[PDB]
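# Descriptive structure summary
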There are 4 protein chains.
Amino acid sequence: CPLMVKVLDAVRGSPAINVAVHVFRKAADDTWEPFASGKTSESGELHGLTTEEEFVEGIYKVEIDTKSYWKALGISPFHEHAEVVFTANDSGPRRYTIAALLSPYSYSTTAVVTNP
Amino acid sequence: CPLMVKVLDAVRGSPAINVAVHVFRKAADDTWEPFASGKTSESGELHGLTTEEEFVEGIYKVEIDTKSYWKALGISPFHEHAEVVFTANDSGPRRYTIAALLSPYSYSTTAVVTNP
Amino acid sequence: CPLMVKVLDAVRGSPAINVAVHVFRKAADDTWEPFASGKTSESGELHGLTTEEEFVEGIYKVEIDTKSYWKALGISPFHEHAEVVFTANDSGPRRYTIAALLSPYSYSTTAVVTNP
Amino acid sequence: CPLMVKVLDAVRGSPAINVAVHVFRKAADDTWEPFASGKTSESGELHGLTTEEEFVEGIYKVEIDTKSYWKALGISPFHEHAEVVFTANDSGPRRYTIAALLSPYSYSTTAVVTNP
Ligand SMILES: O=S(=O)(O)C(F)(F)C(F)(F)C(F)(F)C(F)(F)C(F)(F)C(F)(F)C(F)(F)C(F)(F)F
Ligand SMILES: O=S(=O)(O)C(F)(F)C(F)(F)C(F)(F)C(F)(F)C(F)(F)C(F)(F)C(F)(F)C(F)(F)F
Ligand code: NA
Ligand code: NA
């Protein structure tokens with residue numbers, strides 16, 4: 001997969017299921033254009049956002065809708081969302097995994113980048 | 001001091017010094033308007049961003065310019081910046097510390113919200 | 001898998017490959033008895049440590065040999081190892097994933113626990 | 001103050017107050033001998049563990065009793081405790097801050113090592 005998003009819940013020790021994720025790409029006029037979106041599965045994973053052909057060079061933003069996730073579990077969390085902003089594919093195609101671990105007042109995020 | 005930002009470096013085991021930090025407040029037209037900014041001190045801290053009178057309820061974004069920090073250290077990083085987006089909420093007196101721990105391909109962030 | 005260990009490198013944005021992992025189980029005399037060991041694969045994963053039958057109730061320690069990992073990459077890190085100590089299977093068999101994200105002066109660890 | 005421990009709570013967005021912390025120093029027979037201990041303050045901090053004269057080079061372990069902390073909050077946790085194991089190294093003057101951010105199924109820890 002060229003782009004995969006994985007979200008975990010540090011309170012429950014589980015994948016974070018049904019988390020909305022929106023991806024944007026910076027356009028030539030410097031605005032954030034919608035690129036792809038989806039929801040995490042029962043494994044906390046979101047696959048199928050894009051294809052190698054579509055996922056050209058650019059600056060991308062992955063917005064993870066953490067507030068809605070916590071609210072539905074009865075928690076009023078600190079953050080509106082978790083955002084991950086990065087340049088992709090500027091030295092040719094890569095595969096990106098964006099992972100996030102969520103707590104009500106914190107999050108950690110990392111990237112795993114591999115060359116296919 | 002109702003808002004403080006603290007930035008640490010997980011590669012060097014040190015405060016992240018001279019990191020640019022920009023704070024924005026969401027306007028009624030849903031755009032981000034500049035609110036305060038500065039550079040972290042030798043302790044990785046940025047104080048004096050705002051006052052109690054000015055820091056009213058609303059949605060705020062703290063951008064930390066991590067890419068320029070890593071570039072200055074000669075280390076290739078993943079993210080363009082780290083972003084922390086949250087709502088300020090008057091529920092009694094409040095002080096907010098936004099902390100971030102930086103690595104080249106990762107960051108962790110937390111909020112410590114206390115009442116003096 | 002009843003027990004899986006996954007290790008990532010926050011400096012390189014990659015799995016942490018060839019990391020030694022030692023698992024211990026607390027014995028009746030309160031000493032740490034060797035239980036299983038192995039090394040992470042090219043995907044940063046270590047599978048096959050134990051079986052559902054062997055992995056009885058108990059207190060377990062997963063020791064990840066982070067210092068050796070960093071030293072081989074030219075970094076003199078802070079920690080000797082990362083240790084994860086937990087009670088397992090005390091409400092019946094579960095599947096455990098122990099994940100760790102490594103930096104030279106930091107680590108983050110989480111657990112994902114699922115009921116088969 | 002050559003050694004300070006700071007503990008934060010990612011569920012409540014607060015310092016982790018009244019957490020027991022035990023420090024050990026590895027003896028020549030390779031056992032862990034008690035060195036210092038205390039409970040975190042209302043700021044999540046534990047100062048006064050040791051002195052410059054006493055804190056000689058060696059291998060130290062900081063155990064943070066996270067399970068009892070979560071139990072007191074009525075939250076089921078994963079870990080028995082969080083452990084931080086490191087070597088103290090005289091390379092000019094040094095102060096060590098060991099910080100930990102706690103969630104029920106996760107923890108993050110970093111070291112900030114500075115020269116005053
Ligand atoms: O530097 S301080 O010890 O004052 C601190 F505020 F506690 C802190 F270390 F920065 C921190 F807030 F704990 C912290 F940096 F956020 C931290 F939580 F400890 C951390 F471990 F670094 C971290 F969790 F990774 C985070 F910074 F949140 F990313
Ligand atoms: O490899 S997977 O993406 O399936 C994963 F195990 F979930 C993971 F990526 F390793 C992960 F656990 F999510 C993780 F990336 F390590 C993570 F939890 F998100 C993490 F952010 F790296 C982390 F929180 F720091 C962890 F180190 F796992 F605690
Ligand atoms: Na290029
Ligand atoms: Na039982």
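Residues numbered from 1 in each chain as written, not as in the entry; some residues may be left out. Chains lettered and ligands numbered in written order. Heavy atoms only, no water.

In terms of determination method and resolution, the entry is listed under X-ray crystallography at 1.260 Å.

Turning our eyes to something else, we now look at the site of ligand 2. The immediate surroundings of ligand 2 are formed by 13 residues, with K6(A), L101(A), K6(C), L101(C) and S108(C) found nearest. Surrounding ligand 2 is a set of residues that belongs to chains A and C. Residue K6(A) places a side-chain N or O atom 2.9 Å away from an oxygen atom belonging to ligand 2. Across the complex, the protein chains shield 91% of the 480 Å² of accessible surface that ligand 2 would expose by itself. (Near = heavy atom within 4 Å. Polar contact = N/O pair within 3.5 Å; in protein donor to acceptor, adjacent residues only side chain to side chain. Areas by Shrake-Rupley, 256 points an atom, 1.4 Å probe, with all protein chains shown as cover.)

Moving on, we come to the packing of aromatic side chains. Considering all chains together, one arrives at 42 aromatic pairs over all chains under this definition. On the basis of an interplanar angle of 25° and a centroid distance of 6.0 Å, the ring pair of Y60(B) and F86(B) is categorised as stacked. Here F86(B) lies in strand β7 (residues 79-88) and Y60(B) lies in strand β6 (residues 58-64), a separation of 26 residues in the sequence. Taken as a pair, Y60(B) and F86(B) share a single burial class, namely buried. Ring pairing ties together the aromatic residues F35(A), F55(A), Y60(A), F86(A), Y96(A), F78(B) and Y105(B), which thus form one cluster. Above the ring of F24(D), the side-chain terminus of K61(D) is found at 5.2 Å from the ring centroid. (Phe/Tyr/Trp six-rings, centres within 6.5 Å; stacked < 30°, edge-to-face > 60°. Helix = DSSP H or I, 4+ residues; strand = E, 2+ residues; numbered from the N terminus. Buried < 20%, exposed > 50% of the residue type's maximum accessible area, 1.4 Å probe, protein only. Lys NZ or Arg CZ within 6 Å of the ring centre and 35° of its normal.)

All names here are of chain A. UniProt's feature table lists "binding site: L-thyroxine" at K6, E45 and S108, given in the numbering used throughout. When its relative accessible area of 26% is taken as the criterion, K6 is described as partly exposed. If sequence neighbours within four positions are ignored, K6 has contacts with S43, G44, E45, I98, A99 and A100. A polar contact is formed between the side chain of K6 and the side chain of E45, at a distance of 2.8 Å. Locating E45 in the fold gives a position in strand β5 (residues 45-46). Excluding its chain neighbours within four sequence positions, the residues that come into contact with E45 are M4, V5, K6, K39 and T40. (UniProt positions renumbered as here; feature names shortened; annotations may be inferred. Contact = heavy atoms within 4.5 Å.)

Across the boundary between the two partners, chain B contributes 21 residues, which contact 21 residues of chain A. Summing both partners gives a buried area of about 1800 Å² for chain B against chain A, and 55% of it is carried by carbon and sulfur. The largest contributions to the chain B side of the interface with chain A come from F78(B), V85(B) and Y107(B), which together make up 31% of the buried area. The interface formed by chain B and chain A holds 0 salt bridges in total. Viewed at the interface, chain A and chain B are joined by 15 residue pairs in polar contact. Of all the elements in the fold, those that place two or more residues in the side of chain B that touches chain A are β7, β8 (95-103) and β9 (106-114) of chain B. Tallying contributions element by element places β7(B) first for the side of chain B that touches chain A, with 8 residues. For the side of chain B that touches chain A, a count of residues per class yields 11 nonpolar, 7 polar and 3 charged. Looking at chain direction, strand β9 (residues 106-114) of chain A and β9(B) are connected through 5 bridges and run antiparallel. Residue pairing for β9(B): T109(A) is matched across the bridge by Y107(B). (Buried area = accessible area lost by both parts, 1.4 Å probe. Salt bridge = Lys/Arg side-chain N within 4 Å of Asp/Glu carboxyl O. Nonpolar A, V, L, I, M, F, W, Y, C, P; charged D, E, K, R; others polar. Pairing = 2+ DSSP bridges.)

With that out of the way, let us pick up the site of ligand 1. Lining the immediate environment of ligand 1, one finds 13 residues, of which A99(B), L101(B), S108(B), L8(D) and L101(D) sit closest. Around ligand 1, the nearby residues trace back to chains B and D. Here ligand 1 loses 91% of its free accessible area of 470 Å² to cover by the protein chains. Elements that contribute at least two residues to the shell around ligand 1 include exactly β1 (3-9), β8 and β9 of chain B together with β1 (3-9) and β8 (95-103) of chain D. Class assignment of the residues belonging to the shell around ligand 1 gives a composition of 7 nonpolar, 4 polar and 2 charged.

Note on the chain copies: they are related by a rotation about an axis and a translation along it. Overlaying chain B on chain A yields an RMSD of 0.9 Å, the required transformation being a rotation through 180° with an accompanying axial translation of 0.3 Å. Such a combination of turn and shift is consistent with a two-fold rotation axis. In terms of proximity to the rotation axis, the leading residue of chain B is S108(B), whose C-alpha is 2.0 Å off the axis. Of all interface residues in chain B, 100% are interface residues in chain A too; the two copies therefore contact each other through one and the same surface. (Least-squares fit on C-alpha atoms.)

All names here are of chain C. Mapped onto the elements of the fold, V56 is located in the loop between β5 (45-46) and β6 (58-64). Given a relative accessible area of 38%, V56 falls into the partly exposed group. Along the backbone, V56 and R25 are 31 residues apart, and their C-alpha atoms lie at a distance of 9.7 Å. Setting aside residues up to four positions removed in sequence, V56 forms contacts with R25, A88 and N89.

All names here are of chain A. Bridge count between strand β3 (residues 20-26) and strand β4 (residues 32-39): 7 bridges; the pairing is antiparallel. Looking at β4, one finds that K26 is bridged to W32. Here β3 pairs with strand β6 (residues 58-64) via 5 bridges, running antiparallel. Each residue of the ladder has a partner; that of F24, found in β6, is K61.

The next thing to look at is the sheet that holds strand β7 (residues 79-88) of chain C. One open sheet holds the 8 strands; their spatial order is β4(C)-β3(C)-β6(C)-β7(C)-β7(D)-β6(D)-β3(D)-β4(D), and the pairing between them is antiparallel. Every interior strand has two partners, whereas the edge strands, β4 (32-39) of chain C together with β4 (32-39) of chain D, have only one. Taking the axes of each pair of neighbouring strands and ignoring which way they run, one obtains an average angle of 20° across the sheet. By the bridge criterion, 4 bridges tie β7(C) to strand β7 (residues 79-88) of chain D in an arrangement that is antiparallel. Residue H81(C) lies in a different strand from β7(D), and its bridge partner there is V85(D). (Axes fitted to C-alpha atoms, helices over the stretch in contact; angles between N-to-C directions.)

Here we take up the interface of chain D and chain B. Listed by partner, the interface residues are 11 residues for chain D and 11 residues for chain B. The largest contributions to the chain D side of the interface with chain B come from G13(D), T110(D) and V112(D), which together make up 44% of the buried area. Those elements that provide at least two residues to the side of chain D that touches chain B are β2 (14-15) and β9 (106-114) of chain D. For the side of chain D that touches chain B, the element with the most residues is β9(D), which contributes 6 residues. By residue class, the composition of the side of chain D that touches chain B is 6 nonpolar, 5 polar and no charged.

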